[PDB]
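>>> experimental structure and its sequence below.
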Amino acid sequence: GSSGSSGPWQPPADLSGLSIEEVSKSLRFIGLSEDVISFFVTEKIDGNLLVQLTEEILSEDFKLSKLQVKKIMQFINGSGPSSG
């Protein structure tokens with residue numbers, strides 16, 4: 001494809017290295033709220049940080065919704081045999 005809008009970007013296999021900026025797009029994959037994304041970039045949250053974050057820290061500190069914490073966790077781990 002010459003010119004125009006093409007070339008879809010996506011997150012790598014491992015989330016241990018991404019930058020605070022890459023994270024903003026990392027969540028875009030699943031499609032989260034505009035507030036959630038910025039909530040990470042504003043908290044200096046990066047790739048190495050995301051992987052470090054846990055459901056407990058996401059519900060204790062972040063205190064995000066039950067759905068969010070569930071969506072973010074699924075992104076970190078990656079495993080998902082349920083296949084919604």
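Received it, and whenever you're ready, just let me know what you need. Residues are numbered from 1 along each chain as shown.

>>> what residues sit buried inside the longest helix anywhere in the chain?
Scanning the chain for the longest helix, with DSSP state H as the assignment, gives helix 66-77. By 16 or more other C-beta atoms under 10 Å, the buried positions in helix 66-77 come out as 68, 69, 71, 72, 75, 76. Where C-beta positions appear, they are placed from N, C-alpha and C, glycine not excepted.

>>> tell me the secondary structure at the closest residue to the fourth one other than its chain neighbours.
The one in question is residue 72. Among residues not flanking residue 72 along the chain, residue 58 sits closest, at 6.0 Å (C-beta to C-beta, 6 or more residues apart in numbering). In three-state terms, and counting by DSSP: H, G, I helix; E, B strand; the rest coil, residue 58 is helix.

>>> what's residue 40 in contact with, if anything?
Residue 40 makes contact with 20, 23, 24, 27, 50 under the criterion C-beta atoms under 8 Å, 6 or more residues apart in numbering.

>>> tabulate those (JSON lines), appending secondary structure.
JSON lines is the format used below for these (three-state DSSP):
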{"residue": "20", "secondary structure": "helix"}
{"residue": "23", "secondary structure": "helix"}
{"residue": "24", "secondary structure": "helix"}
{"residue": "27", "secondary structure": "helix"}
{"residue": "50", "secondary structure": "helix"}
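
>>> for the residues you listed, which one is nearest residue 44?
residue 20 (6.3 Å; C-beta to C-beta).
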